[PDB]
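Trainee: Take this structure, written in structure tokens, and hold onto it; I'll ask about it next.
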Amino acid sequence: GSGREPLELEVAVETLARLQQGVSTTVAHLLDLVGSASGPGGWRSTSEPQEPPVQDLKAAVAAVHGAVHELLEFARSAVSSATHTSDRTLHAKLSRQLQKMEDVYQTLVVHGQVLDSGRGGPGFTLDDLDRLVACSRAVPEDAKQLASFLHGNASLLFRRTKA
């Protein structure tokens with residue numbers, strides 16, 4: 001049965017390949033938007049001169065994170081249905097890097113959710129963005145490396161027979 005149809009390595013490789021482009025493409029936007037933050041714009045603008053273009057920043061950070069979650073889901077779908085008593089280090093190596101991504105991905109959401117709003121008057125300063133742009137580069141770099149671990153065990157995540 002299984003209402004959902006099985007996934008093949010080619011589909012997993014094809015669908016996952018889109019995530020690497022959408023992730024590398026989305027992260028590029030974060031740096032492209034930072035260029036616009038070259039200056040506060042205008043001469044004087046009360047405290048926290050920056051604030052109006054926050055929606056543009058909130059949209060890019062949420063968009064880049066959205067593609068990563070798809071990687072967590074895509075990697076998760078491949079990790080599932082994965083069984084093989086003969087092998088086990090791959091799951092340990094993949095689970096170690098995948099679970100680390102899970103813990104690291106939720107840590108940025110809280111740090112990122114803070115940039116969205118703050119109980120105090122001011123939310124964050126441009127300085128925090130230098131750290132956010134820094135963490136944003138860490139998540140996608142790991143997405144590419146995790147893709148390599150999926151390949152070393154892709155044969156088990158899906159099947160792939162030997163010719």
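Ordering of the structure tokens sets the chain letters (A, B, ...), residue numbers begin anew at 1 in every chain, and ligands are numbered from 1 in the order given.
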If we count only C-alpha atoms, what is near residue 144 of chain A at a cut-off of 12 Å, once residues fewer than 3 positions away on the same chain are taken out, given as a list in words?
Mentor: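 Everything that qualifies: residues 16, 17, 18, 19, 20, 21, 22, 23, 24, 68, 71, 75, 97, 98, 101, 137, 138, 139, 140, 141, 147, 148, 149, 150 and 151 of chain A.
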Trainee: Kindly export the residues of the current selection with N, CA and C atoms, as a PDB file, in the first residue's frame.
Mentor:
```pdb
ATOM      1  N   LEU A  16      16.927  16.943  -4.698  1.00  0.00           N
ATOM      2  CA  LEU A  16      17.944  17.539  -3.782  1.00  0.00           C
ATOM      3  C   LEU A  16      18.801  18.556  -4.547  1.00  0.00           C
ATOM      4  N   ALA A  17      19.126  18.269  -5.779  1.00  0.00           N
ATOM      5  CA  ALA A  17      19.957  19.220  -6.572  1.00  0.00           C
ATOM      6  C   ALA A  17      19.262  20.579  -6.642  1.00  0.00           C
ATOM      7  N   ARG A  18      17.959  20.590  -6.709  1.00  0.00           N
ATOM      8  CA  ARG A  18      17.232  21.889  -6.771  1.00  0.00           C
ATOM      9  C   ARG A  18      17.457  22.644  -5.462  1.00  0.00           C
ATOM     10  N   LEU A  19      17.451  21.938  -4.367  1.00  0.00           N
ATOM     11  CA  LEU A  19      17.652  22.593  -3.044  1.00  0.00           C
ATOM     12  C   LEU A  19      19.034  23.253  -2.993  1.00  0.00           C
ATOM     13  N   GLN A  20      20.041  22.583  -3.482  1.00  0.00           N
ATOM     14  CA  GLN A  20      21.415  23.168  -3.454  1.00  0.00           C
ATOM     15  C   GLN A  20      21.444  24.454  -4.280  1.00  0.00           C
ATOM     16  N   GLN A  21      20.693  24.508  -5.343  1.00  0.00           N
ATOM     17  CA  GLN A  21      20.680  25.739  -6.176  1.00  0.00           C
ATOM     18  C   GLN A  21      19.815  26.785  -5.481  1.00  0.00           C
ATOM     19  N   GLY A  22      18.641  26.399  -5.066  1.00  0.00           N
ATOM     20  CA  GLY A  22      17.745  27.358  -4.367  1.00  0.00           C
ATOM     21  C   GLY A  22      18.422  27.836  -3.083  1.00  0.00           C
ATOM     22  N   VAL A  23      19.193  26.991  -2.454  1.00  0.00           N
ATOM     23  CA  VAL A  23      19.883  27.416  -1.204  1.00  0.00           C
ATOM     24  C   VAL A  23      21.044  28.337  -1.576  1.00  0.00           C
ATOM     25  N   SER A  24      21.852  27.933  -2.519  1.00  0.00           N
ATOM     26  CA  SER A  24      22.985  28.799  -2.946  1.00  0.00           C
ATOM     27  C   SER A  24      22.420  30.075  -3.572  1.00  0.00           C
ATOM     28  N   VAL A  68      16.339  25.544   3.309  1.00  0.00           N
ATOM     29  CA  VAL A  68      17.129  24.619   4.167  1.00  0.00           C
ATOM     30  C   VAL A  68      16.198  23.585   4.801  1.00  0.00           C
ATOM     31  N   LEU A  71      15.740  20.816   2.868  1.00  0.00           N
ATOM     32  CA  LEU A  71      16.906  19.898   2.870  1.00  0.00           C
ATOM     33  C   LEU A  71      16.766  18.979   4.076  1.00  0.00           C
ATOM     34  N   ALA A  75      16.533  15.279   3.215  1.00  0.00           N
ATOM     35  CA  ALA A  75      17.509  14.352   3.840  1.00  0.00           C
ATOM     36  C   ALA A  75      16.749  13.398   4.756  1.00  0.00           C
ATOM     37  N   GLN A  97      25.963  14.159  11.511  1.00  0.00           N
ATOM     38  CA  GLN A  97      25.957  15.444  10.753  1.00  0.00           C
ATOM     39  C   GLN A  97      24.518  15.942  10.577  1.00  0.00           C
ATOM     40  N   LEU A  98      23.589  15.046  10.374  1.00  0.00           N
ATOM     41  CA  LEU A  98      22.168  15.465  10.175  1.00  0.00           C
ATOM     42  C   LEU A  98      21.592  15.992  11.492  1.00  0.00           C
ATOM     43  N   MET A 101      22.836  19.256  12.279  1.00  0.00           N
ATOM     44  CA  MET A 101      22.182  20.296  11.440  1.00  0.00           C
ATOM     45  C   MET A 101      20.828  20.630  12.059  1.00  0.00           C
ATOM     46  N   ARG A 137      25.825  31.847   6.283  1.00  0.00           N
ATOM     47  CA  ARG A 137      26.777  31.134   5.385  1.00  0.00           C
ATOM     48  C   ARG A 137      27.105  29.743   5.943  1.00  0.00           C
ATOM     49  N   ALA A 138      26.996  29.560   7.231  1.00  0.00           N
ATOM     50  CA  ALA A 138      27.339  28.236   7.836  1.00  0.00           C
ATOM     51  C   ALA A 138      26.290  27.164   7.492  1.00  0.00           C
ATOM     52  N   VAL A 139      25.033  27.505   7.550  1.00  0.00           N
ATOM     53  CA  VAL A 139      23.958  26.502   7.265  1.00  0.00           C
ATOM     54  C   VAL A 139      24.062  25.927   5.836  1.00  0.00           C
ATOM     55  N   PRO A 140      24.141  26.754   4.821  1.00  0.00           N
ATOM     56  CA  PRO A 140      24.236  26.268   3.404  1.00  0.00           C
ATOM     57  C   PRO A 140      25.539  25.517   3.117  1.00  0.00           C
ATOM     58  N   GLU A 141      26.630  25.948   3.680  1.00  0.00           N
ATOM     59  CA  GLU A 141      27.905  25.218   3.439  1.00  0.00           C
ATOM     60  C   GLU A 141      27.725  23.781   3.923  1.00  0.00           C
ATOM     61  N   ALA A 147      25.024  16.633   1.621  1.00  0.00           N
ATOM     62  CA  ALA A 147      24.629  15.981   0.344  1.00  0.00           C
ATOM     63  C   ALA A 147      25.661  14.902   0.007  1.00  0.00           C
ATOM     64  N   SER A 148      26.908  15.151   0.305  1.00  0.00           N
ATOM     65  CA  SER A 148      27.965  14.144   0.006  1.00  0.00           C
ATOM     66  C   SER A 148      27.742  12.900   0.868  1.00  0.00           C
ATOM     67  N   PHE A 149      27.400  13.081   2.118  1.00  0.00           N
ATOM     68  CA  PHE A 149      27.172  11.904   3.002  1.00  0.00           C
ATOM     69  C   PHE A 149      25.964  11.123   2.485  1.00  0.00           C
ATOM     70  N   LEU A 150      24.968  11.807   1.981  1.00  0.00           N
ATOM     71  CA  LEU A 150      23.778  11.094   1.445  1.00  0.00           C
ATOM     72  C   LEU A 150      24.235  10.206   0.283  1.00  0.00           C
ATOM     73  N   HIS A 151      25.164  10.686  -0.503  1.00  0.00           N
ATOM     74  CA  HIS A 151      25.652   9.894  -1.667  1.00  0.00           C
ATOM     75  C   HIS A 151      26.396   8.647  -1.182  1.00  0.00           C
TER      76      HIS A 151
END
```
Trainee: Please return as a ChimeraX atom specification: the residues of chain A that backbone DSSP assigns to alpha helix (DSSP H).
Mentor: /A:9-36,54-79,89-116,126-157
Trainee: Could you pull the residues within 12 Å of residue 93 of chain A, counting only C-alpha atoms, minus those fewer than 3 positions along the same chain, as a PyMOL selection string?
Mentor: chain A and resi 79+87-90+96-100+145-146+148-150+152-153
Trainee: List the spatial neighbours of segment 34-51 of chain A as a list in words - criterion: any atom at most 12 Å away, only C-alpha atoms, same-chain residues fewer than 2 positions off excluded.
Mentor: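 Close residues of segment 34-51 of chain A: residues 27, 28, 29, 30, 31, 32, 53, 54, 55, 56, 57, 58, 60, 61, 115, 116, 117, 121, 122, 123, 124, 125, 126, 127, 129, 130, 132, 133 and 134 of chain A.
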Trainee: Give me the residues within 10 Å of residue 12 of chain A as a PyMOL selection string, counting only C-alpha atoms and dropping any in the same chain fewer than 2 places off.
Mentor: chain A and resi 7-10+14-18+74-75+77-78+150+154+157-158
Trainee: Of the candidates A:159, A:135, A:26, A:62, which one gets nearest to residue 113 of chain A if we count only C-alpha atoms?
Mentor: A:62
